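Just below is one structure, and these are the notes that go with it.
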Amino acid sequence: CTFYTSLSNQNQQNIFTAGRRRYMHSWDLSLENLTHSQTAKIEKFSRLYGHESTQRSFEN
Amino acid sequence: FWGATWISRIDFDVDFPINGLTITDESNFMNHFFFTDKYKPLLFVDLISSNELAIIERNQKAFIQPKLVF
Amino acid sequence: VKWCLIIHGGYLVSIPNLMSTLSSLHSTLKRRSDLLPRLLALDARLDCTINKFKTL
Amino acid sequence: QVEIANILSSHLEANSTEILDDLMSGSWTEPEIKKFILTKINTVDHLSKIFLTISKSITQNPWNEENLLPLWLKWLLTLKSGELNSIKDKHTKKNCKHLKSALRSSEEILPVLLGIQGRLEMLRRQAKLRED
Amino acid sequence: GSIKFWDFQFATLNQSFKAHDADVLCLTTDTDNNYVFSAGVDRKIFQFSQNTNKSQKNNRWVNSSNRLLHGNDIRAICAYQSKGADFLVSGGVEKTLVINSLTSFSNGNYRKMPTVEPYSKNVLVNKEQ
Amino acid sequence: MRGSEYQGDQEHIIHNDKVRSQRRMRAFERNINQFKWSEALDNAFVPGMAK
Amino acid sequence: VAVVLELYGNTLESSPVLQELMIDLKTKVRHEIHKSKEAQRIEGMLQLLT
Amino acid sequence: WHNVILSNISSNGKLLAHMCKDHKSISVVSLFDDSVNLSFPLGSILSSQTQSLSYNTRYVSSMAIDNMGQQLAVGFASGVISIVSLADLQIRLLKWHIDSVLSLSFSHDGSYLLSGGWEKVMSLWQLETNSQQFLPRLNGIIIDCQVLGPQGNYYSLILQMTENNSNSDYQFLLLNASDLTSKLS
Amino acid sequence: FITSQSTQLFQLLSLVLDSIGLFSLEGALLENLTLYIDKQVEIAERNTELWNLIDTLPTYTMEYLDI
RNA sequence: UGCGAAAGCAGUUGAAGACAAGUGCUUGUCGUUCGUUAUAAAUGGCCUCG
């Protein structure tokens, strides 16, 4: 897992996490999502656009 | 006269009315009337008798690429 | 069923209600009749083609 | 058989009104009706005339007891269909609608008769059982 | 069924195209290496193009088009160009040649040669008997 | 793998998105979904197929 | 059955095995016509009882 | 311009492509600058087989222009898309739509192409490898497609719901590009 | 009269046969009615068939060439 | 196309202009008009997250 801050838009913060799975999770911490928000804004990356055969896991 | 897919007959006593996928041939190669294309493809053509013509004609699994039909 | 109606027709007439007790019979018989209009249509086309190659 | 066929062939060529009477002749049998249609009806004009005469007759009295005219229509449709529809005469299409309309009733008329036939059959049997 | 373009100096892969549904048996290219033509078991001839100047500067190939001209496998393919000629000749299990134009492969016309052209006769007939 | 069975009892937020796989489809249903009209008809008439 | 006859009339003539597949079919479809006609008759008399 | 049959504007909003009957010709013009000014007959783009075939093959139903002006996508009633390289008028055929393609749109970088039509399926063509990603079973046929964001975060679509012949039932769908879920319907 | 659109007369007749009842019908007249109805059923089936009909290489061959 | 029930009952599918092809003539078309209630066919089929 790792933090990510957009190099242009400093207000943009985000966490990416991955495991021995065919999907990746992104957690948007921008604005008040980190602490104040009762819920977390989570997105799942699971589409490789025709290149599934090359990739077995998002872990690394 | 006959080719791979055509047969023709020419009478040599009568004069005719005067009225892409090959080399363009700019360079040199070195250094009464009947026409039919009904019969094809032809292996051989010739006459058995004066009024009999013998025309001889030609009478595997493939990868399936379907043709959509609605 | 055909013989039951014929033989016991007199007894069946003297019954207070039939449709409620013979509802299943009527529904079953109704379905078979509905096939008749379409079966004739299929039969005519079968005969039309059957006649065709038999003469040929 | 041969005489009536030749007479009918001549009347078709002659546009005679006697075509209908030739068709109801009792000498006609089913196999020669097939032979006549296959061998002698070689022109669309002759085929149209025979259909127009038969269809008009059947339209007027679809309940005529003479099975011959229907027998002509059945085999005429069965054997010569591909070109009967090829006939582009408007009147030929109109007469087809009239014939279909008349017969279409009869198809509706059949289920009622079968029920009436059934109820009588029980009545005859019950009377016979009562007699015995 | 894949066509891959490798960099010779580094012996690394530049591009990969999953084009064919079966084996790619034969490849060919034009004089200037603007087009690469592939054919195989799936009976299709694919054209990969780098003719555009932007493609050339970036060295990126494009799966421009394909055509289904054969009834069976395409075992052999060859190309020729000159000031008076422009051919893409192919053939295979169908036993017949197919002739296309390299420059106008996508839209140009094609010719299917007869399976047997009897220049040398394999049959004779005797008038007597 | 000593934390596989945690289930997140002590955590602030639990996020669930796992969706169970659909019930296994038969050969004829798969063919219809993939627009294989002819093959779907063939799967209709096979030995030991319910009427 | 209506489509396959309308779609394979010519193949029907040149294939013998297909022909017998209809001959028994015509006998069977005829048998169903008899049953449906019969069912209408029992249906008719059943109305008389009620 | 006179006798404008079809028109489109780049995503940036600085180029205009339009088809006119002056059969027909396509011209692309820079709108704030004179940098881009090109025109060419549609006959050059069209394949010869199309000239042989019916009018559906030669009928354009959609047109998209890249931001850089290097590429122009033409969609046909047959369902075939043709990307044209404006520098040298080289054609590239993309064929998945069985029926007329109604919406075409380029990505900001130009490497992806949104296409939609009667299939009710939105296709992202990956132009590098000619691949495609699908979003099927949408509510209606796709009239318009757009990539809407500085980084292409969202896709905005217009759906038609052609079942109702009495009225045109438009629906605006804003999808999250990350996971292709309806952000706002 | 019957034994001597028609369904609206026949369906009316079927109502008669229900109204008259089993006992009241007489065998002698019933036979004539049976002959009539069987006659119509044969015809009605015949017309139905007509209505549906309206709705509905050699290795060696010898030919003469035209020249 | 009108009416009607769903069955059916009546009634239509014309004229001009332009373009293309073939040989002034023939045929076919129309992101052209006026008037009347008035086959298809560019190898081209629907995602991933067990």
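Residue numbering restarts at 1 in every chain; chains get A, B, ... in the order shown in the structure tokens, and ligands count up from 1 in that same order.
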Next on the checklist: What's around residue I:5 at 12 Å? Count only C-alpha atoms (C1' of nucleotides), leave out sequence neighbours fewer than 6 positions away in its own chain, and write the answer as a PyMOL selection string.
Outcome noted: (chain D and resi 102+104-106+108-109) or (chain I and resi 11-12)
Checklist entry - Neighbours of residue H:177 within 10 Å (only C-alpha atoms (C1' of nucleotides); same-chain residues fewer than 4 positions away dropped), as a ChimeraX atom specification? => result /H:147-149,151-156,181-183
Next on the checklist: So that I can check the surroundings of stretch 35-44 of chain A, please list as a ChimeraX atom specification every protein, DNA and RNA residue that reaches within 9 Å of it, counting only C-alpha atoms (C1' of nucleotides) and ignoring chain neighbours fewer than 2 positions away.
Outcome noted: /A:23-29,32-33,46 /F:13,15 /H:178-179 /J:49
What does the file look like for those residues with C-alpha atoms (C1' of nucleotides), as a PDB file, in the first residue's frame?
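As written to disk, part.pdb reads:
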```
ATOM      1  CA  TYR A  23      -8.020  -6.156  -8.720  1.00  0.00           C
ATOM      2  CA  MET A  24      -6.613  -3.029  -7.091  1.00  0.00           C
ATOM      3  CA  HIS A  25      -8.281  -0.666  -4.636  1.00  0.00           C
ATOM      4  CA  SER A  26      -7.925   3.115  -4.630  1.00  0.00           C
ATOM      5  CA  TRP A  27      -9.031   5.221  -1.662  1.00  0.00           C
ATOM      6  CA  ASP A  28      -9.562   8.937  -2.273  1.00  0.00           C
ATOM      7  CA  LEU A  29      -8.482  10.943   0.777  1.00  0.00           C
ATOM      8  CA  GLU A  32     -12.387  15.637   4.190  1.00  0.00           C
ATOM      9  CA  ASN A  33     -12.598  11.984   3.101  1.00  0.00           C
ATOM     10  CA  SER A  46     -10.038  -4.568 -12.307  1.00  0.00           C
TER      11      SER A  46
ATOM     12  CA  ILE F  13     -14.868   1.182   8.530  1.00  0.00           C
ATOM     13  CA  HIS F  15     -15.870  -2.087   3.090  1.00  0.00           C
TER      14      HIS F  15
ATOM     15  CA  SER H 178     -12.156   4.162 -13.154  1.00  0.00           C
ATOM     16  CA  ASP H 179     -14.731   1.390 -12.659  1.00  0.00           C
TER      17      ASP H 179
ATOM     18  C1'   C J  49     -13.648  -8.337 -10.734  1.00  0.00           C
TER      19        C J  49
END
```
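Nearest to chain A of all the residues H:127, H:184, H:145, H:138 is H:127, based on only C-alpha atoms.
Counting only C-alpha atoms (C1' of nucleotides), residue C:9 has the following residues at most 10 Å away, ignoring those fewer than 4 positions along the same chain: residues 3, 4, 5, 13 and 14 of chain C; 122, 123 and 126 of chain D; 45, 46, 48 and 49 of chain G; 22 of chain I.
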Could you please take those selected residues and save N, CA and C atoms as a CSV table (one decimal), in the first residue's frame?
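Saved to out.csv:
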```csv
chain,number,residue,atom,x,y,z
C,3,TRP,N,-67.0,-43.3,-22.9
C,3,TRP,CA,-68.0,-44.2,-22.6
C,3,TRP,C,-68.7,-43.9,-21.3
C,4,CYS,N,-68.0,-43.2,-20.3
C,4,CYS,CA,-68.6,-42.8,-19.1
C,4,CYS,C,-69.7,-41.8,-19.3
C,5,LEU,N,-69.5,-40.8,-20.2
C,5,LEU,CA,-70.6,-39.9,-20.5
C,5,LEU,C,-71.8,-40.6,-21.2
C,13,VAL,N,-76.6,-36.1,-15.5
C,13,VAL,CA,-77.6,-35.0,-15.6
C,13,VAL,C,-78.1,-34.6,-14.3
C,14,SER,N,-78.4,-35.6,-13.5
C,14,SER,CA,-79.0,-35.4,-12.1
C,14,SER,C,-77.9,-35.2,-11.1
D,122,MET,N,-73.3,-39.6,-29.1
D,122,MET,CA,-73.7,-40.1,-27.8
D,122,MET,C,-75.2,-40.4,-27.8
D,123,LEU,N,-76.0,-39.6,-28.4
D,123,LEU,CA,-77.4,-39.8,-28.4
D,123,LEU,C,-77.8,-41.1,-29.1
D,126,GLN,N,-76.7,-44.0,-26.7
D,126,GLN,CA,-77.5,-44.1,-25.6
D,126,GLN,C,-78.9,-44.8,-26.0
G,45,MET,N,-70.4,-33.2,-26.4
G,45,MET,CA,-71.4,-33.9,-25.6
G,45,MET,C,-71.4,-33.5,-24.2
G,46,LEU,N,-70.2,-33.2,-23.7
G,46,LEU,CA,-70.1,-32.8,-22.3
G,46,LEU,C,-70.9,-31.6,-22.0
G,48,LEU,N,-73.7,-30.9,-23.5
G,48,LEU,CA,-75.1,-31.4,-23.4
G,48,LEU,C,-75.5,-31.8,-22.0
G,49,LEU,N,-74.6,-32.5,-21.3
G,49,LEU,CA,-74.9,-33.0,-20.0
G,49,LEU,C,-75.2,-31.9,-19.0
I,22,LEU,N,-81.9,-35.2,-24.3
I,22,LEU,CA,-81.6,-36.5,-24.8
I,22,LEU,C,-82.9,-37.3,-25.1
```
Next on the checklist: Among stretch 39-85 of chain E, which residues does DSSP mark as strand (DSSP E or B) when it is run on the backbone? Keep the chain and numbering as in the structure and answer as a PyMOL selection string.
Outcome noted: chain E and resi 39-40+44-49+62-68+74-81
Checklist entry - Out of stretch 21-91 of chain H, which residues get alpha helix (DSSP H) from DSSP, as number ranges by chain? => result H: 42-45, 48-52, 55-58
With a distance cut-off of 9 Å and only C-alpha atoms (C1' of nucleotides), select the neighbouring residues of stretch 24-27 of chain G, excluding the residue or stretch itself and same-chain residues fewer than 5 positions from it, and output the selection as a PDB file with N, CA, C and O atoms, in the first residue's frame.
```pdb
ATOM      1  N   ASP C  43     -50.555 -29.701 -41.527  1.00  0.00           N
ATOM      2  CA  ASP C  43     -50.845 -30.849 -42.377  1.00  0.00           C
ATOM      3  C   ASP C  43     -50.892 -30.451 -43.846  1.00  0.00           C
ATOM      4  O   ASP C  43     -50.356 -31.160 -44.705  1.00  0.00           O
ATOM      5  N   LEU C  46     -47.394 -29.979 -45.095  1.00  0.00           N
ATOM      6  CA  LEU C  46     -46.762 -31.285 -45.244  1.00  0.00           C
ATOM      7  C   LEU C  46     -47.282 -32.003 -46.483  1.00  0.00           C
ATOM      8  O   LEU C  46     -46.503 -32.585 -47.243  1.00  0.00           O
ATOM      9  N   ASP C  47     -48.598 -31.969 -46.704  1.00  0.00           N
ATOM     10  CA  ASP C  47     -49.160 -32.607 -47.888  1.00  0.00           C
ATOM     11  C   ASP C  47     -48.678 -31.923 -49.160  1.00  0.00           C
ATOM     12  O   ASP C  47     -48.404 -32.589 -50.165  1.00  0.00           O
ATOM     13  N   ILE C  50     -45.258 -33.121 -49.518  1.00  0.00           N
ATOM     14  CA  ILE C  50     -45.259 -34.573 -49.665  1.00  0.00           C
ATOM     15  C   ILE C  50     -45.745 -34.968 -51.050  1.00  0.00           C
ATOM     16  O   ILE C  50     -45.185 -35.867 -51.689  1.00  0.00           O
TER      17      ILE C  50
ATOM     18  N   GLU G  32     -52.755 -36.970 -34.582  1.00  0.00           N
ATOM     19  CA  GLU G  32     -53.112 -35.883 -33.675  1.00  0.00           C
ATOM     20  C   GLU G  32     -54.377 -35.174 -34.136  1.00  0.00           C
ATOM     21  O   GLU G  32     -55.208 -34.776 -33.313  1.00  0.00           O
TER      22      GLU G  32
END
```
Checklist entry - Which polymer residues have any atom within 10 Å of an atom of residue J:19, counting only C-alpha atoms (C1' of nucleotides), with same-chain residues fewer than 2 positions away left out, as a PyMOL selection string? => result (chain H and resi 23) or (chain J and resi 29-30)
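Going from atom CA of residue E:29 over to atom CA of residue E:74, you cover 15.9 Å.
Counting only C-alpha atoms, every residue of chain F that comes within 12 Å of chain B is listed here: residues 35, 36, 37 and 38 of chain F.
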Could you list, as a compact mmCIF listing (two decimals) with N, CA and C atoms, in the first residue's frame, the residues of chain I having an atom within 12 Å of chain G when counting only C-alpha atoms?
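result_11.txt written:
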```txt
# COMPACT_ATOMS: atom_id res chain seq x y z
N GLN I 11 -74.68 -23.09 -34.93
CA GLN I 11 -74.52 -22.87 -33.50
C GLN I 11 -75.86 -22.65 -32.83
N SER I 14 -77.09 -26.17 -32.61
CA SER I 14 -76.47 -26.85 -31.48
C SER I 14 -77.16 -26.47 -30.18
N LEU I 15 -77.65 -25.23 -30.09
CA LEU I 15 -78.45 -24.84 -28.94
C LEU I 15 -79.77 -25.61 -28.91
N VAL I 16 -80.38 -25.83 -30.07
CA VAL I 16 -81.61 -26.62 -30.13
C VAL I 16 -81.36 -28.02 -29.57
N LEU I 17 -80.31 -28.68 -30.05
CA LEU I 17 -80.04 -30.05 -29.63
C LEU I 17 -79.78 -30.12 -28.13
N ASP I 18 -79.25 -29.04 -27.55
CA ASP I 18 -79.13 -28.98 -26.10
C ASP I 18 -80.47 -28.72 -25.43
N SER I 19 -81.26 -27.80 -25.98
CA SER I 19 -82.57 -27.50 -25.40
C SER I 19 -83.50 -28.70 -25.47
N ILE I 20 -83.53 -29.37 -26.62
CA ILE I 20 -84.48 -30.47 -26.82
C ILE I 20 -84.22 -31.59 -25.82
N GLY I 21 -82.96 -31.88 -25.53
CA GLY I 21 -82.60 -32.88 -24.55
C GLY I 21 -82.42 -34.26 -25.16
N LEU I 22 -81.91 -35.18 -24.34
CA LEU I 22 -81.59 -36.51 -24.83
C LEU I 22 -82.85 -37.32 -25.12
N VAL I 41 -69.21 -31.83 -42.17
CA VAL I 41 -67.88 -31.98 -41.60
C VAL I 41 -66.88 -32.35 -42.69
N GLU I 45 -63.88 -29.73 -43.58
CA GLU I 45 -62.48 -30.15 -43.59
C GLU I 45 -61.85 -29.92 -44.96
N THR I 56 -50.23 -20.91 -48.16
CA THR I 56 -48.90 -21.42 -48.49
C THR I 56 -48.49 -20.93 -49.87
N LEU I 57 -23.62 -32.17 -59.14
CA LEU I 57 -23.93 -32.14 -60.56
C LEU I 57 -23.56 -33.47 -61.21
```
Checklist entry - Can you list, as a ChimeraX atom specification, every protein, DNA or RNA residue that comes within 12 Å of residue B:27 when you count only C-alpha atoms (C1' of nucleotides), leaving out same-chain residues fewer than 3 positions away? => result /B:23-24,30-31 /E:82-85
For the residues selected in the previous step, produce a file with C-alpha atoms as a short mmCIF file (atom, residue, chain, number, x, y, z; two decimals), in the first residue's frame.
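The resulting file, result_11.cif, is shown below:
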```
data_model
loop_
_atom_site.label_atom_id
_atom_site.label_comp_id
_atom_site.auth_asym_id
_atom_site.auth_seq_id
_atom_site.Cartn_x
_atom_site.Cartn_y
_atom_site.Cartn_z
CA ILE B 23 3.64 -5.65 -65.22
CA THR B 24 2.88 -2.59 -67.34
CA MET B 30 13.78 -10.36 -73.39
CA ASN B 31 16.85 -8.24 -72.65
CA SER E 82 9.15 -2.03 -59.13
CA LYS E 83 8.48 1.03 -61.25
CA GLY E 84 6.02 -1.10 -63.24
CA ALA E 85 4.97 -3.80 -60.75
#
```
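Compared by their closest atoms to chain I, and using only C-alpha atoms, the residues D:68, D:129, D:112, D:12 rank with D:112 nearest.
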Within 10 Å of chain A, which residues of chain H show up when using only C-alpha atoms, listed as an mmCIF file with N, CA and C atoms, in the first residue's frame?
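Produced file out37.cif, reproduced below:
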```cif
data_model
loop_
_atom_site.group_PDB
_atom_site.id
_atom_site.type_symbol
_atom_site.label_atom_id
_atom_site.label_comp_id
_atom_site.auth_asym_id
_atom_site.auth_seq_id
_atom_site.Cartn_x
_atom_site.Cartn_y
_atom_site.Cartn_z
ATOM 1 N N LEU H 124 -14.651 1.211 -25.990
ATOM 2 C CA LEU H 124 -13.418 1.984 -25.972
ATOM 3 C C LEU H 124 -12.407 1.233 -26.821
ATOM 4 N N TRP H 125 -12.151 1.731 -28.025
ATOM 5 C CA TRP H 125 -11.114 1.188 -28.887
ATOM 6 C C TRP H 125 -9.765 1.704 -28.414
ATOM 7 N N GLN H 126 -8.880 0.779 -28.065
ATOM 8 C CA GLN H 126 -7.484 1.083 -27.790
ATOM 9 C C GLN H 126 -6.742 1.077 -29.116
ATOM 10 N N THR H 129 -3.058 -0.903 -29.842
ATOM 11 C CA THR H 129 -3.121 -2.308 -30.210
ATOM 12 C C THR H 129 -4.421 -2.683 -30.901
ATOM 13 N N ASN H 130 -5.279 -1.715 -31.212
ATOM 14 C CA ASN H 130 -6.560 -1.960 -31.858
ATOM 15 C C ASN H 130 -7.486 -2.816 -31.007
ATOM 16 N N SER H 131 -7.250 -2.877 -29.699
ATOM 17 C CA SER H 131 -8.091 -3.678 -28.824
ATOM 18 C C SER H 131 -9.376 -2.922 -28.510
ATOM 19 N N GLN H 132 -10.231 -3.517 -27.680
ATOM 20 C CA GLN H 132 -11.433 -2.806 -27.265
ATOM 21 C C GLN H 132 -11.957 -3.321 -25.934
ATOM 22 N N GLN H 133 -12.399 -2.381 -25.103
ATOM 23 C CA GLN H 133 -13.080 -2.648 -23.844
ATOM 24 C C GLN H 133 -14.554 -2.297 -24.008
ATOM 25 N N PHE H 134 -15.428 -3.073 -23.373
ATOM 26 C CA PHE H 134 -16.863 -2.960 -23.593
ATOM 27 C C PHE H 134 -17.581 -2.606 -22.301
ATOM 28 N N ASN H 176 -18.182 6.864 -14.126
ATOM 29 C CA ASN H 176 -16.835 6.968 -13.587
ATOM 30 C C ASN H 176 -15.897 6.122 -14.438
ATOM 31 N N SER H 178 -12.980 5.114 -13.891
ATOM 32 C CA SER H 178 -12.156 4.162 -13.154
ATOM 33 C C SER H 178 -12.772 2.771 -13.160
ATOM 34 N N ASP H 179 -14.050 2.671 -12.795
ATOM 35 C CA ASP H 179 -14.731 1.390 -12.659
ATOM 36 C C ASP H 179 -15.996 1.296 -13.503
ATOM 37 N N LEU H 180 -16.263 2.282 -14.357
ATOM 38 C CA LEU H 180 -17.395 2.233 -15.279
ATOM 39 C C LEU H 180 -18.710 2.011 -14.539
ATOM 40 N N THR H 181 -18.904 2.751 -13.453
ATOM 41 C CA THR H 181 -20.149 2.752 -12.704
ATOM 42 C C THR H 181 -20.828 4.104 -12.858
#
```
Could you make a table, as a Markdown table, of the residues of chain B that have an atom within 12 Å of an atom of chain H, each with its nearest atom pair and distance in Å to one decimal, counting only C-alpha atoms, in chain and number order?
```
| residue | atom | partner | partner_atom | distance |
| --- | --- | --- | --- | --- |
| B:68 | CA | H:98 | CA | 9.4 |
| B:69 | CA | H:98 | CA | 10.9 |
| B:70 | CA | H:98 | CA | 10.5 |
```
Save the residues we just selected, N, CA, C and O atoms, as a PDB file, in the first residue's frame?
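Result written to selection_1.pdb:
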```pdb
ATOM      1  N   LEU B  68     -22.203 -13.788 -40.735  1.00  0.00           N
ATOM      2  CA  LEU B  68     -23.415 -13.373 -40.045  1.00  0.00           C
ATOM      3  C   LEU B  68     -24.545 -13.158 -41.038  1.00  0.00           C
ATOM      4  O   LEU B  68     -24.378 -12.477 -42.054  1.00  0.00           O
ATOM      5  N   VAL B  69     -25.700 -13.741 -40.735  1.00  0.00           N
ATOM      6  CA  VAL B  69     -26.905 -13.600 -41.539  1.00  0.00           C
ATOM      7  C   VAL B  69     -28.060 -13.297 -40.601  1.00  0.00           C
ATOM      8  O   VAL B  69     -28.257 -14.005 -39.606  1.00  0.00           O
ATOM      9  N   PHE B  70     -28.812 -12.247 -40.908  1.00  0.00           N
ATOM     10  CA  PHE B  70     -29.950 -11.845 -40.088  1.00  0.00           C
ATOM     11  C   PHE B  70     -31.258 -12.063 -40.839  1.00  0.00           C
ATOM     12  O   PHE B  70     -32.211 -12.624 -40.295  1.00  0.00           O
TER      13      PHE B  70
END
```
